[PDB]
Structures are given as structure tokens and as C-alpha cells.
$ cat entry02.txt   # compact mmCIF, N, CA and C atoms and all ligand atoms
# COMPACT_ATOMS: atom_id res chain seq x y z
N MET A 1 6.43 196.71 -47.98
CA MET A 1 7.71 197.15 -48.52
C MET A 1 8.81 196.23 -48.02
N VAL A 2 9.77 195.94 -48.90
CA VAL A 2 10.96 195.19 -48.51
C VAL A 2 11.94 196.15 -47.86
N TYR A 3 12.43 195.80 -46.68
CA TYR A 3 13.28 196.74 -45.96
C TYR A 3 14.73 196.60 -46.41
N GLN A 4 15.34 197.71 -46.81
CA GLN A 4 16.73 197.69 -47.21
C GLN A 4 17.63 197.80 -45.98
N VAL A 5 18.41 196.75 -45.73
CA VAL A 5 19.42 196.79 -44.68
C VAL A 5 20.48 197.82 -45.03
N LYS A 6 20.87 198.62 -44.03
CA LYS A 6 21.82 199.71 -44.22
C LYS A 6 23.25 199.34 -43.88
N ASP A 7 23.45 198.48 -42.89
CA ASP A 7 24.77 198.01 -42.49
C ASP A 7 24.57 196.76 -41.65
N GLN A 8 25.67 196.25 -41.09
CA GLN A 8 25.61 195.01 -40.33
C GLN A 8 24.79 195.17 -39.05
N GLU A 9 24.99 196.28 -38.33
CA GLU A 9 24.20 196.56 -37.13
C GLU A 9 22.71 196.55 -37.44
N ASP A 10 22.33 197.21 -38.54
CA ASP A 10 20.95 197.21 -38.98
C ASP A 10 20.47 195.80 -39.31
N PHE A 11 21.33 195.01 -39.95
CA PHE A 11 20.99 193.63 -40.29
C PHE A 11 20.74 192.80 -39.04
N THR A 12 21.64 192.87 -38.06
CA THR A 12 21.42 192.16 -36.80
C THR A 12 20.14 192.64 -36.13
N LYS A 13 19.87 193.95 -36.20
CA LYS A 13 18.66 194.50 -35.61
C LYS A 13 17.41 193.85 -36.21
N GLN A 14 17.36 193.74 -37.54
CA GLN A 14 16.18 193.17 -38.20
C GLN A 14 16.02 191.69 -37.87
N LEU A 15 17.12 190.95 -37.80
CA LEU A 15 17.05 189.53 -37.45
C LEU A 15 16.50 189.31 -36.03
N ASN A 16 16.87 190.17 -35.08
CA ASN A 16 16.32 190.03 -33.73
C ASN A 16 14.84 190.39 -33.71
N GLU A 17 14.47 191.50 -34.36
CA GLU A 17 13.08 191.92 -34.35
C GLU A 17 12.16 190.94 -35.09
N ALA A 18 12.70 190.13 -36.01
CA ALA A 18 11.88 189.11 -36.67
C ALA A 18 11.35 188.05 -35.70
N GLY A 19 11.97 187.89 -34.53
CA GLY A 19 11.46 186.86 -33.61
C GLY A 19 11.69 185.47 -34.17
N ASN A 20 10.64 184.65 -34.23
CA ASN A 20 10.75 183.31 -34.79
C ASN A 20 10.35 183.23 -36.26
N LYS A 21 10.10 184.37 -36.91
CA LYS A 21 9.65 184.39 -38.29
C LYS A 21 10.78 184.05 -39.24
N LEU A 22 10.41 183.45 -40.36
CA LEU A 22 11.34 183.30 -41.47
C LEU A 22 11.73 184.68 -41.97
N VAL A 23 13.02 184.84 -42.26
CA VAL A 23 13.57 186.05 -42.85
C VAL A 23 14.14 185.67 -44.21
N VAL A 24 13.74 186.38 -45.26
CA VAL A 24 14.25 186.16 -46.62
C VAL A 24 15.06 187.38 -47.00
N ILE A 25 16.34 187.19 -47.32
CA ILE A 25 17.24 188.30 -47.62
C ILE A 25 17.60 188.26 -49.10
N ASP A 26 17.24 189.32 -49.82
CA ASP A 26 17.51 189.45 -51.26
C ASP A 26 18.82 190.20 -51.43
N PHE A 27 19.89 189.46 -51.73
CA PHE A 27 21.17 190.09 -52.03
C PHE A 27 21.16 190.47 -53.51
N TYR A 28 21.22 191.77 -53.80
CA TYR A 28 21.01 192.24 -55.16
C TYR A 28 22.04 193.31 -55.52
N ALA A 29 22.08 193.65 -56.80
CA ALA A 29 22.93 194.75 -57.26
C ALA A 29 22.17 195.55 -58.30
N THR A 30 22.50 196.84 -58.40
CA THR A 30 21.80 197.72 -59.33
C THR A 30 22.18 197.47 -60.77
N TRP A 31 23.24 196.71 -61.03
CA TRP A 31 23.60 196.32 -62.38
C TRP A 31 22.97 195.00 -62.80
N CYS A 32 22.11 194.44 -61.96
CA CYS A 32 21.55 193.12 -62.20
C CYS A 32 20.14 193.27 -62.76
N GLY A 33 19.95 192.82 -64.00
CA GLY A 33 18.69 192.96 -64.71
C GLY A 33 17.56 192.08 -64.19
N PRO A 34 17.82 190.78 -64.06
CA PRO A 34 16.85 189.91 -63.35
C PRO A 34 16.43 190.43 -61.98
N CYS A 35 17.35 191.02 -61.21
CA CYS A 35 16.97 191.59 -59.92
C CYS A 35 15.94 192.70 -60.10
N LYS A 36 16.11 193.54 -61.13
CA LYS A 36 15.13 194.58 -61.40
C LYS A 36 13.79 193.98 -61.80
N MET A 37 13.82 192.85 -62.51
CA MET A 37 12.59 192.26 -63.01
C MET A 37 11.76 191.64 -61.89
N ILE A 38 12.40 190.95 -60.94
CA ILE A 38 11.64 190.32 -59.86
C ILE A 38 11.29 191.30 -58.76
N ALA A 39 11.93 192.47 -58.73
CA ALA A 39 11.73 193.44 -57.66
C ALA A 39 10.26 193.80 -57.41
N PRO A 40 9.44 194.14 -58.41
CA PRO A 40 8.02 194.43 -58.10
C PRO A 40 7.24 193.23 -57.59
N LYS A 41 7.53 192.02 -58.07
CA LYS A 41 6.86 190.84 -57.54
C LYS A 41 7.22 190.62 -56.07
N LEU A 42 8.50 190.80 -55.73
CA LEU A 42 8.94 190.69 -54.35
C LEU A 42 8.25 191.72 -53.46
N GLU A 43 8.00 192.92 -53.99
CA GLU A 43 7.27 193.93 -53.22
C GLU A 43 5.87 193.45 -52.88
N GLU A 44 5.11 193.00 -53.88
CA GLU A 44 3.75 192.56 -53.61
C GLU A 44 3.73 191.38 -52.66
N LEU A 45 4.73 190.50 -52.77
CA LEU A 45 4.82 189.36 -51.86
C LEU A 45 4.96 189.83 -50.42
N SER A 46 5.82 190.83 -50.17
CA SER A 46 5.98 191.30 -48.81
C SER A 46 4.72 192.00 -48.31
N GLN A 47 3.93 192.58 -49.22
CA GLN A 47 2.67 193.18 -48.81
C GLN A 47 1.62 192.13 -48.51
N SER A 48 1.66 191.00 -49.22
CA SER A 48 0.66 189.95 -49.02
C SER A 48 0.99 189.03 -47.86
N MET A 49 2.27 188.88 -47.54
CA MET A 49 2.72 187.84 -46.63
C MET A 49 3.39 188.48 -45.41
N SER A 50 2.60 188.80 -44.39
CA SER A 50 3.12 189.38 -43.15
C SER A 50 3.72 188.32 -42.22
N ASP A 51 3.57 187.05 -42.58
CA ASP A 51 4.16 185.98 -41.79
C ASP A 51 5.63 185.76 -42.16
N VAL A 52 6.23 186.68 -42.92
CA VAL A 52 7.63 186.52 -43.31
C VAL A 52 8.25 187.91 -43.40
N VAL A 53 9.49 188.03 -42.94
CA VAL A 53 10.24 189.28 -42.99
C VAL A 53 11.10 189.29 -44.26
N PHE A 54 10.91 190.29 -45.11
CA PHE A 54 11.66 190.40 -46.36
C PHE A 54 12.62 191.56 -46.24
N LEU A 55 13.91 191.27 -46.38
CA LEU A 55 14.97 192.25 -46.34
C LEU A 55 15.66 192.22 -47.69
N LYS A 56 16.40 193.27 -47.99
CA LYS A 56 17.27 193.27 -49.16
C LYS A 56 18.58 193.93 -48.80
N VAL A 57 19.62 193.56 -49.54
CA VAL A 57 20.98 194.03 -49.31
C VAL A 57 21.59 194.38 -50.66
N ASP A 58 21.92 195.65 -50.86
CA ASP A 58 22.69 196.08 -52.02
C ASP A 58 24.13 195.67 -51.78
N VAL A 59 24.62 194.70 -52.55
CA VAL A 59 25.96 194.16 -52.28
C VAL A 59 27.01 195.25 -52.41
N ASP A 60 26.74 196.26 -53.23
CA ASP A 60 27.68 197.35 -53.44
C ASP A 60 27.61 198.42 -52.36
N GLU A 61 26.52 198.51 -51.58
CA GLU A 61 26.52 199.37 -50.41
C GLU A 61 26.84 198.64 -49.11
N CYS A 62 26.63 197.32 -49.05
CA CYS A 62 26.94 196.56 -47.85
C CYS A 62 27.91 195.43 -48.19
N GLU A 63 29.10 195.81 -48.68
CA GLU A 63 30.09 194.83 -49.15
C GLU A 63 30.42 193.77 -48.12
N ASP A 64 30.61 194.17 -46.85
CA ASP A 64 31.01 193.19 -45.85
C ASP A 64 29.91 192.19 -45.54
N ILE A 65 28.64 192.59 -45.64
CA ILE A 65 27.57 191.61 -45.46
C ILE A 65 27.60 190.58 -46.58
N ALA A 66 27.81 191.04 -47.82
CA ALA A 66 27.86 190.13 -48.96
C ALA A 66 29.03 189.16 -48.82
N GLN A 67 30.17 189.66 -48.33
CA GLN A 67 31.34 188.80 -48.21
C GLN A 67 31.20 187.82 -47.06
N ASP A 68 30.64 188.26 -45.93
CA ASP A 68 30.40 187.35 -44.80
C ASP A 68 29.50 186.18 -45.18
N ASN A 69 28.57 186.40 -46.10
CA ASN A 69 27.64 185.36 -46.53
C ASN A 69 28.06 184.69 -47.83
N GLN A 70 29.29 184.94 -48.28
CA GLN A 70 29.89 184.29 -49.45
C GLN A 70 28.93 184.27 -50.64
N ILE A 71 28.33 185.43 -50.91
CA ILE A 71 27.47 185.58 -52.07
C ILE A 71 28.28 185.41 -53.34
N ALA A 72 27.75 184.63 -54.29
CA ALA A 72 28.41 184.38 -55.56
C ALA A 72 27.51 184.52 -56.79
N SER A 73 26.19 184.51 -56.64
CA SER A 73 25.29 184.74 -57.76
C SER A 73 24.44 185.96 -57.48
N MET A 74 24.06 186.65 -58.55
CA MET A 74 23.18 187.81 -58.44
C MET A 74 21.88 187.57 -59.19
N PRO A 75 20.74 187.58 -58.47
CA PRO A 75 20.65 187.72 -57.01
C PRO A 75 20.86 186.42 -56.23
N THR A 76 21.00 186.52 -54.91
CA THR A 76 20.95 185.36 -54.02
C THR A 76 19.93 185.67 -52.94
N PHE A 77 19.03 184.72 -52.69
CA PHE A 77 18.08 184.85 -51.59
C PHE A 77 18.53 183.92 -50.48
N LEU A 78 18.77 184.48 -49.31
CA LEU A 78 19.15 183.71 -48.14
C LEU A 78 17.91 183.55 -47.26
N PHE A 79 17.76 182.36 -46.67
CA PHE A 79 16.62 182.02 -45.83
C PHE A 79 17.14 181.75 -44.42
N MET A 80 16.82 182.65 -43.49
CA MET A 80 17.26 182.52 -42.11
C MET A 80 16.06 182.43 -41.18
N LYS A 81 16.24 181.72 -40.07
CA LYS A 81 15.18 181.56 -39.07
C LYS A 81 15.81 181.22 -37.73
N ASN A 82 15.42 181.94 -36.68
CA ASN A 82 15.95 181.74 -35.33
C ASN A 82 17.47 181.67 -35.34
N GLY A 83 18.08 182.63 -36.03
CA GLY A 83 19.53 182.73 -36.10
C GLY A 83 20.25 181.69 -36.93
N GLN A 84 19.55 180.77 -37.59
CA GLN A 84 20.19 179.76 -38.42
C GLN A 84 19.93 180.02 -39.90
N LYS A 85 20.95 179.76 -40.72
CA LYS A 85 20.79 179.72 -42.18
C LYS A 85 20.11 178.41 -42.56
N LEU A 86 18.96 178.50 -43.21
CA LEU A 86 18.22 177.29 -43.57
C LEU A 86 18.32 176.93 -45.03
N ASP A 87 18.51 177.91 -45.91
CA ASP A 87 18.38 177.68 -47.34
C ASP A 87 18.98 178.85 -48.08
N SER A 88 19.17 178.64 -49.38
CA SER A 88 19.68 179.67 -50.28
C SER A 88 19.03 179.46 -51.64
N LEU A 89 18.94 180.54 -52.42
CA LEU A 89 18.47 180.47 -53.80
C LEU A 89 19.31 181.39 -54.66
N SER A 90 19.94 180.83 -55.70
CA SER A 90 20.66 181.62 -56.70
C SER A 90 19.73 181.95 -57.86
N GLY A 91 19.73 183.22 -58.28
CA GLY A 91 18.97 183.64 -59.43
C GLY A 91 17.60 184.14 -59.05
N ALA A 92 16.94 184.76 -60.03
CA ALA A 92 15.69 185.49 -59.81
C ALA A 92 14.48 184.67 -60.24
N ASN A 93 14.39 183.41 -59.80
CA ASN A 93 13.26 182.55 -60.13
C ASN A 93 12.19 182.79 -59.07
N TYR A 94 11.13 183.52 -59.44
CA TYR A 94 10.10 183.88 -58.47
C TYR A 94 9.27 182.68 -58.05
N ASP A 95 9.03 181.73 -58.96
CA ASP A 95 8.23 180.57 -58.56
C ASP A 95 9.01 179.66 -57.62
N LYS A 96 10.33 179.56 -57.80
CA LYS A 96 11.13 178.77 -56.87
C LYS A 96 11.23 179.47 -55.52
N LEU A 97 11.35 180.80 -55.55
CA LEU A 97 11.31 181.58 -54.32
C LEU A 97 10.04 181.30 -53.52
N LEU A 98 8.88 181.34 -54.19
CA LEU A 98 7.64 181.07 -53.48
C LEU A 98 7.66 179.67 -52.88
N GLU A 99 8.21 178.69 -53.61
CA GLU A 99 8.26 177.32 -53.09
C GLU A 99 9.19 177.22 -51.90
N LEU A 100 10.32 177.95 -51.94
CA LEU A 100 11.24 177.88 -50.82
C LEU A 100 10.72 178.66 -49.62
N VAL A 101 9.95 179.72 -49.84
CA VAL A 101 9.29 180.40 -48.73
C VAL A 101 8.37 179.44 -48.00
N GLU A 102 7.53 178.73 -48.76
CA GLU A 102 6.60 177.79 -48.14
C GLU A 102 7.34 176.66 -47.43
N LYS A 103 8.41 176.15 -48.04
CA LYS A 103 9.18 175.08 -47.42
C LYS A 103 9.74 175.50 -46.06
N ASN A 104 10.24 176.74 -45.95
CA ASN A 104 11.06 177.14 -44.81
C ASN A 104 10.30 177.95 -43.76
N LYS A 105 9.06 178.35 -44.02
CA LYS A 105 8.36 179.18 -43.05
C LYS A 105 7.79 178.29 -41.95
ZN ZN B 201 30.35 200.01 -52.74

$ encode --input "entry02.txt" --output "C-alpha cells"
Amino acid sequence: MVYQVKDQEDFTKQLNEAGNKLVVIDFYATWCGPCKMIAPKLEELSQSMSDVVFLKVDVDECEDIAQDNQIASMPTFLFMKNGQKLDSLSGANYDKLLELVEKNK
């Protein structure tokens, strides 16, 4: 299951518990159709790939997280590791997501 971050404290908590693992954060909105389409594929990915932490952020429930990360496209996937931002992906391209997961893990 992809873990839904609840607030900033929760977000910091998940980043620390990830250790040295790649963390992929799906910034999404409930009005976003592509986000709904890739959502089941992202679920199976998190079930298949325990070597990566998959989080998601509802931009409308966690507005300040979205603004701190200057989100501008829906969806946006942020790639973080050991406290550093490594990469970003705009849009719901699942094959590019898989390629960026492999690149950054
Ligand atoms: Zn709101």
C-alpha cells in the first residue's frame, strides 16, 4: 500500500524511517483524472518493490507540503533519498516513473 502522508510531521516521520531507501512521493489531487488512472499501477508497484518507500500527498489536504515543494503539475512525483531531492516527474507516465525509480534507487 502507498502510505498517505497526513501532515508535515508525518512526512518528516516517513522520511526518517525510510533510512537510506529511495522515497517516491506522489503529489496528487482528487480532481486529477490521470492520477486516478495510474493509482492502481502505483499500488502494485509498492507491493512488488519493498526496496522503495512510496508515499502520496493530497495537495488539497496537505496544502503547505505542496507549496513548500513548489508543485505545479498534477501529478508530480518527487524522488528523495538521504534527505536530498534527487529528481522530479510531472504527469502520470508510469513507464517514465519506473525508469526514474531505477535511475534513483
Ligand atoms: Zn484543502

$ atom_distance --input "entry02.txt" --atom1 "atom C of residue A:1" --atom2 "atom N of residue A:48"
8.9 Å

$ atom_distance --input "entry02.txt" --atom1 "atom N of residue A:8" --atom2 "atom CA of residue A:62"
6.9 Å

$ residues_around --input "entry02.txt" --residues "stretch 15-32 of chain A" --least-positions-apart "6" --cutoff "5 Å" --atoms "only N, CA and C atoms" --output "JSON list (two decimals) with N, CA and C atoms, in the coordinates of the input"
[["chain", "number", "residue", "atom", "x", "y", "z"],
["A", 52, "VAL", "N", 6.23, 186.68, -42.92],
["A", 52, "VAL", "CA", 7.63, 186.52, -43.31],
["A", 52, "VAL", "C", 8.25, 187.91, -43.40],
["A", 53, "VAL", "N", 9.49, 188.03, -42.94],
["A", 53, "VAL", "CA", 10.24, 189.28, -42.99],
["A", 53, "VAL", "C", 11.10, 189.29, -44.26],
["A", 54, "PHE", "N", 10.91, 190.29, -45.11],
["A", 54, "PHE", "CA", 11.66, 190.40, -46.36],
["A", 54, "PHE", "C", 12.62, 191.56, -46.24],
["A", 55, "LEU", "N", 13.91, 191.27, -46.38],
["A", 55, "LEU", "CA", 14.97, 192.25, -46.34],
["A", 55, "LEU", "C", 15.66, 192.22, -47.69],
["A", 56, "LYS", "N", 16.40, 193.27, -47.99],
["A", 56, "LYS", "CA", 17.27, 193.27, -49.16],
["A", 56, "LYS", "C", 18.58, 193.93, -48.80],
["A", 57, "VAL", "N", 19.62, 193.56, -49.54],
["A", 57, "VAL", "CA", 20.98, 194.03, -49.31],
["A", 57, "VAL", "C", 21.59, 194.38, -50.66],
["A", 58, "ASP", "N", 21.92, 195.65, -50.86],
["A", 58, "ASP", "CA", 22.69, 196.08, -52.02],
["A", 58, "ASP", "C", 24.13, 195.67, -51.78],
["A", 59, "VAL", "N", 24.62, 194.70, -52.55],
["A", 59, "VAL", "CA", 25.96, 194.16, -52.28],
["A", 59, "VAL", "C", 27.01, 195.25, -52.41],
["A", 75, "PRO", "N", 20.74, 187.58, -58.47],
["A", 75, "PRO", "CA", 20.65, 187.72, -57.01],
["A", 75, "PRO", "C", 20.86, 186.42, -56.23],
["A", 76, "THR", "N", 21.00, 186.52, -54.91],
["A", 76, "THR", "CA", 20.95, 185.36, -54.02],
["A", 76, "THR", "C", 19.93, 185.67, -52.94],
["A", 77, "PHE", "N", 19.03, 184.72, -52.69],
["A", 77, "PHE", "CA", 18.08, 184.85, -51.59],
["A", 77, "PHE", "C", 18.53, 183.92, -50.48],
["A", 78, "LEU", "N", 18.77, 184.48, -49.31],
["A", 78, "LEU", "CA", 19.15, 183.71, -48.14],
["A", 78, "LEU", "C", 17.91, 183.55, -47.26],
["A", 79, "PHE", "N", 17.76, 182.36, -46.67],
["A", 79, "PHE", "CA", 16.62, 182.02, -45.83],
["A", 79, "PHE", "C", 17.14, 181.75, -44.42],
["A", 80, "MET", "N", 16.82, 182.65, -43.49],
["A", 80, "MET", "CA", 17.26, 182.52, -42.11],
["A", 80, "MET", "C", 16.06, 182.43, -41.18],
["A", 81, "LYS", "N", 16.24, 181.72, -40.07],
["A", 81, "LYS", "CA", 15.18, 181.56, -39.07],
["A", 81, "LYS", "C", 15.81, 181.22, -37.73]]

$ closest_residue --input "entry02.txt" --among "A:63, A:51, A:7, A:44" --to "ligand ZN 201 (chain B)" --atoms "only N, CA and C atoms and all ligand atoms"
A:63

$ atom_distance --input "entry02.txt" --atom1 "atom N of residue A:85" --atom2 "atom CA of residue A:33"
27.5 Å

$ select_by_dssp --input "entry02.txt" --residues "chain A" --states "alpha helix (DSSP H)" --output "ChimeraX atom specification"
/A:8-17,33-48,63-68,94-104

$ select_by_dssp --input "entry02.txt" --residues "chain A" --states "strand (DSSP E)" --output "PDB file with N, CA and C atoms, keeping the file's coordinate frame"
ATOM      1  N   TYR A   3      12.430 195.800 -46.680  1.00  0.00           N
ATOM      2  CA  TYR A   3      13.280 196.740 -45.960  1.00  0.00           C
ATOM      3  C   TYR A   3      14.730 196.600 -46.410  1.00  0.00           C
ATOM      4  N   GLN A   4      15.340 197.710 -46.810  1.00  0.00           N
ATOM      5  CA  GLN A   4      16.730 197.690 -47.210  1.00  0.00           C
ATOM      6  C   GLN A   4      17.630 197.800 -45.980  1.00  0.00           C
ATOM      7  N   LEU A  22      10.410 183.450 -40.360  1.00  0.00           N
ATOM      8  CA  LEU A  22      11.340 183.300 -41.470  1.00  0.00           C
ATOM      9  C   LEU A  22      11.730 184.680 -41.970  1.00  0.00           C
ATOM     10  N   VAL A  23      13.020 184.840 -42.260  1.00  0.00           N
ATOM     11  CA  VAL A  23      13.570 186.050 -42.850  1.00  0.00           C
ATOM     12  C   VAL A  23      14.140 185.670 -44.210  1.00  0.00           C
ATOM     13  N   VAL A  24      13.740 186.380 -45.260  1.00  0.00           N
ATOM     14  CA  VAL A  24      14.250 186.160 -46.620  1.00  0.00           C
ATOM     15  C   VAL A  24      15.060 187.380 -47.000  1.00  0.00           C
ATOM     16  N   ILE A  25      16.340 187.190 -47.320  1.00  0.00           N
ATOM     17  CA  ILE A  25      17.240 188.300 -47.620  1.00  0.00           C
ATOM     18  C   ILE A  25      17.600 188.260 -49.100  1.00  0.00           C
ATOM     19  N   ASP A  26      17.240 189.320 -49.820  1.00  0.00           N
ATOM     20  CA  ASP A  26      17.510 189.450 -51.260  1.00  0.00           C
ATOM     21  C   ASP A  26      18.820 190.200 -51.430  1.00  0.00           C
ATOM     22  N   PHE A  27      19.890 189.460 -51.730  1.00  0.00           N
ATOM     23  CA  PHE A  27      21.170 190.090 -52.030  1.00  0.00           C
ATOM     24  C   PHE A  27      21.160 190.470 -53.510  1.00  0.00           C
ATOM     25  N   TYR A  28      21.220 191.770 -53.800  1.00  0.00           N
ATOM     26  CA  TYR A  28      21.010 192.240 -55.160  1.00  0.00           C
ATOM     27  C   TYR A  28      22.040 193.310 -55.520  1.00  0.00           C
ATOM     28  N   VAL A  52       6.230 186.680 -42.920  1.00  0.00           N
ATOM     29  CA  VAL A  52       7.630 186.520 -43.310  1.00  0.00           C
ATOM     30  C   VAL A  52       8.250 187.910 -43.400  1.00  0.00           C
ATOM     31  N   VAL A  53       9.490 188.030 -42.940  1.00  0.00           N
ATOM     32  CA  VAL A  53      10.240 189.280 -42.990  1.00  0.00           C
ATOM     33  C   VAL A  53      11.100 189.290 -44.260  1.00  0.00           C
ATOM     34  N   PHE A  54      10.910 190.290 -45.110  1.00  0.00           N
ATOM     35  CA  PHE A  54      11.660 190.400 -46.360  1.00  0.00           C
ATOM     36  C   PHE A  54      12.620 191.560 -46.240  1.00  0.00           C
ATOM     37  N   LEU A  55      13.910 191.270 -46.380  1.00  0.00           N
ATOM     38  CA  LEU A  55      14.970 192.250 -46.340  1.00  0.00           C
ATOM     39  C   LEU A  55      15.660 192.220 -47.690  1.00  0.00           C
ATOM     40  N   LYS A  56      16.400 193.270 -47.990  1.00  0.00           N
ATOM     41  CA  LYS A  56      17.270 193.270 -49.160  1.00  0.00           C
ATOM     42  C   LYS A  56      18.580 193.930 -48.800  1.00  0.00           C
ATOM     43  N   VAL A  57      19.620 193.560 -49.540  1.00  0.00           N
ATOM     44  CA  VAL A  57      20.980 194.030 -49.310  1.00  0.00           C
ATOM     45  C   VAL A  57      21.590 194.380 -50.660  1.00  0.00           C
ATOM     46  N   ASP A  58      21.920 195.650 -50.860  1.00  0.00           N
ATOM     47  CA  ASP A  58      22.690 196.080 -52.020  1.00  0.00           C
ATOM     48  C   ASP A  58      24.130 195.670 -51.780  1.00  0.00           C
ATOM     49  N   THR A  76      21.000 186.520 -54.910  1.00  0.00           N
ATOM     50  CA  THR A  76      20.950 185.360 -54.020  1.00  0.00           C
ATOM     51  C   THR A  76      19.930 185.670 -52.940  1.00  0.00           C
ATOM     52  N   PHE A  77      19.030 184.720 -52.690  1.00  0.00           N
ATOM     53  CA  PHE A  77      18.080 184.850 -51.590  1.00  0.00           C
ATOM     54  C   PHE A  77      18.530 183.920 -50.480  1.00  0.00           C
ATOM     55  N   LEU A  78      18.770 184.480 -49.310  1.00  0.00           N
ATOM     56  CA  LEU A  78      19.150 183.710 -48.140  1.00  0.00           C
ATOM     57  C   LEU A  78      17.910 183.550 -47.260  1.00  0.00           C
ATOM     58  N   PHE A  79      17.760 182.360 -46.670  1.00  0.00           N
ATOM     59  CA  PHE A  79      16.620 182.020 -45.830  1.00  0.00           C
ATOM     60  C   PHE A  79      17.140 181.750 -44.420  1.00  0.00           C
ATOM     61  N   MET A  80      16.820 182.650 -43.490  1.00  0.00           N
ATOM     62  CA  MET A  80      17.260 182.520 -42.110  1.00  0.00           C
ATOM     63  C   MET A  80      16.060 182.430 -41.180  1.00  0.00           C
ATOM     64  N   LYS A  81      16.240 181.720 -40.070  1.00  0.00           N
ATOM     65  CA  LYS A  81      15.180 181.560 -39.070  1.00  0.00           C
ATOM     66  C   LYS A  81      15.810 181.220 -37.730  1.00  0.00           C
ATOM     67  N   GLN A  84      19.550 180.770 -37.590  1.00  0.00           N
ATOM     68  CA  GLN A  84      20.190 179.760 -38.420  1.00  0.00           C
ATOM     69  C   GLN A  84      19.930 180.020 -39.900  1.00  0.00           C
ATOM     70  N   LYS A  85      20.950 179.760 -40.720  1.00  0.00           N
ATOM     71  CA  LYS A  85      20.790 179.720 -42.180  1.00  0.00           C
ATOM     72  C   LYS A  85      20.110 178.410 -42.560  1.00  0.00           C
ATOM     73  N   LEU A  86      18.960 178.500 -43.210  1.00  0.00           N
ATOM     74  CA  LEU A  86      18.220 177.290 -43.570  1.00  0.00           C
ATOM     75  C   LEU A  86      18.320 176.930 -45.030  1.00  0.00           C
ATOM     76  N   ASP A  87      18.510 177.910 -45.910  1.00  0.00           N
ATOM     77  CA  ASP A  87      18.380 177.680 -47.340  1.00  0.00           C
ATOM     78  C   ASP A  87      18.980 178.850 -48.080  1.00  0.00           C
ATOM     79  N   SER A  88      19.170 178.640 -49.380  1.00  0.00           N
ATOM     80  CA  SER A  88      19.680 179.670 -50.280  1.00  0.00           C
ATOM     81  C   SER A  88      19.030 179.460 -51.640  1.00  0.00           C
ATOM     82  N   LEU A  89      18.940 180.540 -52.420  1.00  0.00           N
ATOM     83  CA  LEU A  89      18.470 180.470 -53.800  1.00  0.00           C
ATOM     84  C   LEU A  89      19.310 181.390 -54.660  1.00  0.00           C
ATOM     85  N   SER A  90      19.940 180.830 -55.700  1.00  0.00           N
ATOM     86  CA  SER A  90      20.660 181.620 -56.700  1.00  0.00           C
ATOM     87  C   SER A  90      19.730 181.950 -57.860  1.00  0.00           C
TER      88      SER A  90
END

$ closest_residue --input "entry02.txt" --among "A:41, A:60, A:97, A:11" --to "ligand ZN 201 (chain B)" --atoms "all atoms listed in the file"
A:60

$ decode --input "entry02.txt" --residues "stretch 43-54 of chain A" --atoms "N, CA, C and O atoms" --output "compact mmCIF listing (two decimals), in the first residue's frame"
# COMPACT_ATOMS: atom_id res chain seq x y z
N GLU A 43 -0.06 1.22 -6.81
CA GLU A 43 -0.29 0.30 -5.70
C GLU A 43 0.48 -1.00 -5.90
O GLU A 43 1.22 -1.44 -5.01
N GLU A 44 0.33 -1.63 -7.07
CA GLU A 44 1.01 -2.90 -7.30
C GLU A 44 2.52 -2.71 -7.24
O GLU A 44 3.24 -3.60 -6.76
N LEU A 45 3.01 -1.57 -7.72
CA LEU A 45 4.44 -1.29 -7.66
C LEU A 45 4.93 -1.28 -6.23
O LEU A 45 5.98 -1.87 -5.92
N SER A 46 4.18 -0.64 -5.32
CA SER A 46 4.62 -0.60 -3.93
C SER A 46 4.54 -1.98 -3.30
O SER A 46 5.30 -2.27 -2.37
N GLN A 47 3.64 -2.84 -3.78
CA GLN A 47 3.58 -4.20 -3.27
C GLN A 47 4.73 -5.05 -3.80
O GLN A 47 5.21 -5.95 -3.10
N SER A 48 5.18 -4.78 -5.02
CA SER A 48 6.25 -5.57 -5.62
C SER A 48 7.63 -5.10 -5.21
O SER A 48 8.58 -5.90 -5.21
N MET A 49 7.78 -3.83 -4.87
CA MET A 49 9.09 -3.22 -4.70
C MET A 49 9.24 -2.71 -3.27
O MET A 49 8.93 -1.55 -2.98
N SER A 50 9.71 -3.58 -2.37
CA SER A 50 9.95 -3.21 -0.98
C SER A 50 11.26 -2.45 -0.79
O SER A 50 11.48 -1.90 0.29
N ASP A 51 12.06 -2.35 -1.84
CA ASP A 51 13.30 -1.60 -1.77
C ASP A 51 13.05 -0.10 -2.00
O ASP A 51 14.01 0.66 -2.19
N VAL A 52 11.79 0.34 -1.98
CA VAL A 52 11.49 1.75 -2.19
C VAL A 52 10.27 2.11 -1.36
O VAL A 52 9.32 1.32 -1.26
N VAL A 53 10.30 3.29 -0.75
CA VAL A 53 9.19 3.80 0.05
C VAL A 53 8.30 4.68 -0.83
O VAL A 53 8.76 5.67 -1.41
N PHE A 54 7.02 4.33 -0.94
CA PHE A 54 6.08 5.08 -1.77
C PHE A 54 5.11 5.80 -0.84
O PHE A 54 4.44 5.17 -0.02
